[PDB]
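> First the structure, which I've put down as structure tokens, then a few questions once you've had a look.
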Amino acid sequence: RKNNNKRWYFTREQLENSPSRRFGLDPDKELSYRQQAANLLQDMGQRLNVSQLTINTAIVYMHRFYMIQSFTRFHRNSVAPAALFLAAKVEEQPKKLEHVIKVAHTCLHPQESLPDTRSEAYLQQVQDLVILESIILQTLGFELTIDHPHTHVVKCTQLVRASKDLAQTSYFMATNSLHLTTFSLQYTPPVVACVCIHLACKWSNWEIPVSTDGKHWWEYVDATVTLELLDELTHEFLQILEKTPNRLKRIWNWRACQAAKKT
Amino acid sequence: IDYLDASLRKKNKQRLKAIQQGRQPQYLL
RNA sequence: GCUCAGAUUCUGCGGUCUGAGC
Ligand SMILES: [Mn+2]
Ligand SMILES: [Mn+2]
């Protein structure tokens, strides 16, 4: 329509004309914000006790958000909780404003006096993400029902011979289609799922048996898909997974890092 | 772990936490 | 040029100045 699809997807020549780009700071910086804004989303969501799903739906709102507004006029550290908030409203595990705030605050301000609920400072804070939320809405054009790549990947898991031990190394790897890649604004959940697995099992050295009667075992999750691309992308994904300055004291390791438990 | 970069924010945490002599966070989130 | 520790009510989460160690 206006459009059904053309809405939230862009060309590499577009994210260069970022709207945070028409302002005085870098790409090397911006690429670096988003990952550090989603990164915050994670921390709080874990602290709030919400599904890793909601976290992801925020990360997609965030991504989708700053393709319309600069990071100069809406700082990532205050659109983050604004969106995690409206997210866990949508995916349905509500948490209440004063609950989000009280967390965000012990996120960003570890050694502070836990907030006075009556201070003009506070009754202005809440006054704000309230107005922000009206923005993060008017911005995603009220399109909050978000489709993820994990919904798909969950589809072609044991629908091939795949050791669980390395069959969910793709589930996990999807969530980076979000944290550290601009992927979610470029190609669809399917196409993007194809990648989070063709890469997942080149570290796992197990590969895909091709399906017998004349159709590839990856052409069953999306219609237009080439290795010419998927190889092209897993490059990006990796030289982006390693275009990172060793900041990977990594994302959903707080105390869920090591492969499950020994100690 | 850290949207809390050292330091351009790790820094303000130092500036805020050191108006802990009678001035307070204007904005604190 | 990175990156840690002190300083700054210059100021919204980024700009100054001063030391180490690499
Ligand atoms: Mn490993
Ligand atoms: Mn010497």
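Letters for chains follow the order of the structure tokens (A, B, ...), residue numbers begin at 1 for each chain, and ligand numbers begin at 1 in the order shown.
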Give the residues of chain A that lie within 7 Å of chain B; count only C-alpha atoms, and format the answer as a list in words.
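That gives the following set of residues: residues 36, 37, 39, 40, 105, 108, 109, 112, 121, 249, 250 and 251 of chain A.
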> Those residues with N, CA and C atoms, as an mmCIF file, in the first residue's frame please?

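Okay, selection-v6.cif is ready:
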data_model
loop_
_atom_site.group_PDB
_atom_site.id
_atom_site.type_symbol
_atom_site.label_atom_id
_atom_site.label_comp_id
_atom_site.auth_asym_id
_atom_site.auth_seq_id
_atom_site.Cartn_x
_atom_site.Cartn_y
_atom_site.Cartn_z
ATOM 1 N N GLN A 36 24.583 -0.159 21.192
ATOM 2 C CA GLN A 36 24.856 0.207 22.554
ATOM 3 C C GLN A 36 23.593 0.764 23.124
ATOM 4 N N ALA A 37 22.519 0.579 22.411
ATOM 5 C CA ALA A 37 21.293 1.173 22.808
ATOM 6 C C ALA A 37 20.469 -0.029 22.889
ATOM 7 N N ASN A 39 21.870 -2.689 23.363
ATOM 8 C CA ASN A 39 22.558 -3.274 24.481
ATOM 9 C C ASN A 39 21.905 -2.872 25.792
ATOM 10 N N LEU A 40 21.565 -1.600 25.951
ATOM 11 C CA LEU A 40 20.864 -1.182 27.172
ATOM 12 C C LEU A 40 19.508 -1.873 27.328
ATOM 13 N N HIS A 105 17.281 3.491 36.127
ATOM 14 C CA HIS A 105 18.061 4.345 36.993
ATOM 15 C C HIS A 105 19.164 3.593 37.692
ATOM 16 N N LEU A 108 21.814 2.934 34.620
ATOM 17 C CA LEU A 108 22.679 4.039 34.267
ATOM 18 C C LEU A 108 23.374 4.701 35.440
ATOM 19 N N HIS A 109 22.872 4.524 36.647
ATOM 20 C CA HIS A 109 23.389 5.303 37.751
ATOM 21 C C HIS A 109 23.663 4.474 38.984
ATOM 22 N N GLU A 112 23.735 5.551 42.830
ATOM 23 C CA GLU A 112 22.924 6.687 43.247
ATOM 24 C C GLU A 112 21.904 6.361 44.323
ATOM 25 N N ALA A 121 11.864 16.203 40.197
ATOM 26 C CA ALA A 121 12.762 15.582 39.228
ATOM 27 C C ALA A 121 12.112 14.357 38.631
ATOM 28 N N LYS A 249 32.615 -8.203 25.922
ATOM 29 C CA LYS A 249 32.023 -8.720 27.137
ATOM 30 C C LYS A 249 30.524 -8.674 26.789
ATOM 31 N N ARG A 250 30.057 -9.820 26.289
ATOM 32 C CA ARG A 250 28.918 -9.920 25.380
ATOM 33 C C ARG A 250 27.560 -9.909 26.003
ATOM 34 N N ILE A 251 26.568 -9.820 25.135
ATOM 35 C CA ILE A 251 25.305 -9.183 25.488
ATOM 36 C C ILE A 251 24.389 -9.913 26.511
#
> Report as an MDAnalysis selection string the set of chain C residues whose atoms approach chain A to within 12 Å, with distances computed over only C-alpha atoms (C1' of nucleotides).
chainID C and resid 2:3 12:14
> Got time to write the residues from that selection, N, CA, C and O atoms (P, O5', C5', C4', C3', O3' and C1' of nucleotides), as a PDB file, in the first residue's frame?

ATOM      1  P     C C   2      41.702   7.923  18.683  1.00  0.00           P
ATOM      2  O5'   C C   2      42.740   7.803  19.892  1.00  0.00           O
ATOM      3  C5'   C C   2      42.518   6.991  21.002  1.00  0.00           C
ATOM      4  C4'   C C   2      42.120   5.580  20.626  1.00  0.00           C
ATOM      5  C3'   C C   2      41.504   4.871  21.815  1.00  0.00           C
ATOM      6  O3'   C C   2      40.131   4.973  21.630  1.00  0.00           O
ATOM      7  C1'   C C   2      43.406   3.723  21.170  1.00  0.00           C
ATOM      8  P     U C   3      39.102   4.653  22.795  1.00  0.00           P
ATOM      9  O5'   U C   3      40.003   4.081  23.987  1.00  0.00           O
ATOM     10  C5'   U C   3      39.844   2.719  24.321  1.00  0.00           C
ATOM     11  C4'   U C   3      40.657   2.319  25.527  1.00  0.00           C
ATOM     12  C3'   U C   3      40.400   3.086  26.803  1.00  0.00           C
ATOM     13  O3'   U C   3      39.184   2.687  27.381  1.00  0.00           O
ATOM     14  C1'   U C   3      42.654   2.760  26.535  1.00  0.00           C
ATOM     15  P     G C  12      23.347  21.888  29.008  1.00  0.00           P
ATOM     16  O5'   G C  12      22.745  20.451  28.699  1.00  0.00           O
ATOM     17  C5'   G C  12      22.549  19.542  29.762  1.00  0.00           C
ATOM     18  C4'   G C  12      23.253  18.222  29.473  1.00  0.00           C
ATOM     19  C3'   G C  12      23.407  17.727  28.032  1.00  0.00           C
ATOM     20  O3'   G C  12      24.656  17.025  28.145  1.00  0.00           O
ATOM     21  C1'   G C  12      22.346  16.119  29.229  1.00  0.00           C
ATOM     22  P     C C  13      25.605  16.440  27.005  1.00  0.00           P
ATOM     23  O5'   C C  13      25.973  15.048  27.646  1.00  0.00           O
ATOM     24  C5'   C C  13      25.694  13.899  26.887  1.00  0.00           C
ATOM     25  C4'   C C  13      26.181  12.599  27.501  1.00  0.00           C
ATOM     26  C3'   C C  13      25.871  11.386  26.650  1.00  0.00           C
ATOM     27  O3'   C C  13      27.009  11.077  25.965  1.00  0.00           O
ATOM     28  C1'   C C  13      24.892  11.093  28.736  1.00  0.00           C
ATOM     29  P     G C  14      26.952  10.598  24.473  1.00  0.00           P
ATOM     30  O5'   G C  14      28.228  11.399  23.919  1.00  0.00           O
ATOM     31  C5'   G C  14      28.026  12.675  23.305  1.00  0.00           C
ATOM     32  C4'   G C  14      29.158  13.706  23.399  1.00  0.00           C
ATOM     33  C3'   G C  14      30.626  13.227  23.581  1.00  0.00           C
ATOM     34  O3'   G C  14      31.654  13.950  22.818  1.00  0.00           O
ATOM     35  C1'   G C  14      30.210  14.982  24.745  1.00  0.00           C
TER      36        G C  14
END
> Skip residue 127 (chain A) itself and residues of its chain fewer than 6 positions away, then list as a list in words all residues within 12 Å of it, counting only C-alpha atoms (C1' of nucleotides).
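Returned residues: residues 82, 97, 98, 101, 120, 121, 133 and 134 of chain A.
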> For the residues in that selection, give me C-alpha atoms as a PDB file, in the first residue's frame.

ATOM      1  CA  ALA A  82      10.672   4.444  26.540  1.00  0.00           C
ATOM      2  CA  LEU A  97       6.295   3.039  34.310  1.00  0.00           C
ATOM      3  CA  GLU A  98       7.568   3.600  37.829  1.00  0.00           C
ATOM      4  CA  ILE A 101      12.325   3.961  35.489  1.00  0.00           C
ATOM      5  CA  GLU A 120       9.851  17.303  40.985  1.00  0.00           C
ATOM      6  CA  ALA A 121      12.762  15.582  39.228  1.00  0.00           C
ATOM      7  CA  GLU A 133       5.987   7.131  24.053  1.00  0.00           C
ATOM      8  CA  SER A 134       3.500   9.177  22.200  1.00  0.00           C
TER       9      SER A 134
END
> Expressed in Å to a single decimal, how great is the separation between CA of residue 252 (chain A) and CA of residue 29 (chain A)?
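The value is 22.4 Å.
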> Please measure the separation of CA of residue 174 (chain A) and CA of residue 99 (chain A), giving the value in Å to one decimal.
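Answer for the CA of residue 174 (chain A) to CA of residue 99 (chain A) separation: 28.5 Å.
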> Would you mind writing down, as an NGL selection string, each residue of chain B that DSSP on the backbone assigns to alpha helix (DSSP H)?
:B and (12-16)
> Write the residues of the preceding selection, restricted to N, CA, C and O atoms, as a PDB file, in the first residue's frame.

ATOM      1  N   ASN B  12      29.817  11.298  33.656  1.00  0.00           N
ATOM      2  CA  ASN B  12      28.760  12.021  34.324  1.00  0.00           C
ATOM      3  C   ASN B  12      28.401  11.372  35.635  1.00  0.00           C
ATOM      4  O   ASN B  12      28.161  12.053  36.610  1.00  0.00           O
ATOM      5  N   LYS B  13      28.380  10.049  35.672  1.00  0.00           N
ATOM      6  CA  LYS B  13      28.171   9.353  36.930  1.00  0.00           C
ATOM      7  C   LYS B  13      29.140   9.878  37.989  1.00  0.00           C
ATOM      8  O   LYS B  13      28.844   9.800  39.180  1.00  0.00           O
ATOM      9  N   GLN B  14      30.287  10.409  37.550  1.00  0.00           N
ATOM     10  CA  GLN B  14      31.291  10.979  38.448  1.00  0.00           C
ATOM     11  C   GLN B  14      30.924  12.399  38.808  1.00  0.00           C
ATOM     12  O   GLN B  14      31.153  12.834  39.924  1.00  0.00           O
ATOM     13  N   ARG B  15      30.369  13.119  37.845  1.00  0.00           N
ATOM     14  CA  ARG B  15      29.946  14.490  38.052  1.00  0.00           C
ATOM     15  C   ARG B  15      28.682  14.561  38.875  1.00  0.00           C
ATOM     16  O   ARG B  15      28.513  15.466  39.694  1.00  0.00           O
ATOM     17  N   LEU B  16      27.777  13.622  38.635  1.00  0.00           N
ATOM     18  CA  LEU B  16      26.540  13.590  39.373  1.00  0.00           C
ATOM     19  C   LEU B  16      26.916  13.186  40.780  1.00  0.00           C
ATOM     20  O   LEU B  16      26.693  13.908  41.732  1.00  0.00           O
TER      21      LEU B  16
END
> Could you report the residues within 12 Å of ligand 1, using only C-alpha atoms (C1' of nucleotides) and all ligand atoms, as an MDAnalysis selection string?
chainID A and resid 165:166 169 200 203:204 250 257:260
> Go ahead and write the residues just picked, C-alpha atoms, as a PDB file, in the first residue's frame.

ATOM      1  CA  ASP A 165      23.643 -28.799  20.586  1.00  0.00           C
ATOM      2  CA  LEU A 166      24.069 -26.761  17.395  1.00  0.00           C
ATOM      3  CA  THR A 169      23.094 -21.889  18.038  1.00  0.00           C
ATOM      4  CA  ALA A 200      25.600 -20.655  12.613  1.00  0.00           C
ATOM      5  CA  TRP A 203      31.216 -22.368  13.035  1.00  0.00           C
ATOM      6  CA  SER A 204      29.428 -25.541  13.967  1.00  0.00           C
ATOM      7  CA  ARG A 250      28.918  -9.920  25.380  1.00  0.00           C
ATOM      8  CA  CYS A 257      27.429 -16.890  29.218  1.00  0.00           C
ATOM      9  CA  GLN A 258      29.208 -20.168  29.734  1.00  0.00           C
ATOM     10  CA  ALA A 259      27.678 -23.334  28.068  1.00  0.00           C
ATOM     11  CA  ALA A 260      25.286 -24.745  30.566  1.00  0.00           C
TER      12      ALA A 260
END
> Give the answer as one residue: which of A:238, A:191, A:208, A:41 has the shortest atom-to-atom distance to residue 148 (chain A), using only C-alpha atoms?
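Checking each candidate against residue 148 (chain A), we get A:191 as the closest.
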> Separation of CA of residue 160 (chain A) and CA of residue 210 (chain A), in Å?
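Separation between CA of residue 160 (chain A) and CA of residue 210 (chain A): 9.4 Å.
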> List the neighbours of residue 18 (chain C) out to 12 Å using only C-alpha atoms (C1' of nucleotides); skip same-chain residues closer than 6 positions along the sequence, and give me the result as a ChimeraX atom specification.
/C:5-8
> Just the residues within 12 Å of residue 183 (chain A), please, counting only C-alpha atoms (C1' of nucleotides), with nothing from its chain fewer than 4 positions along; format it as a VMD selection string.
chain A and resid 8 to 12 15 31 34 to 35 59 to 60 63 to 64 148 to 149 174 to 179 187 to 193 195 to 196 233 to 234 236 to 237 240
> Of the residues C:22, C:10, C:17, C:4, which is the one nearest to chain B, using only C-alpha atoms (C1' of nucleotides)?
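Of the candidates, the smallest distance to chain B is held by C:4.
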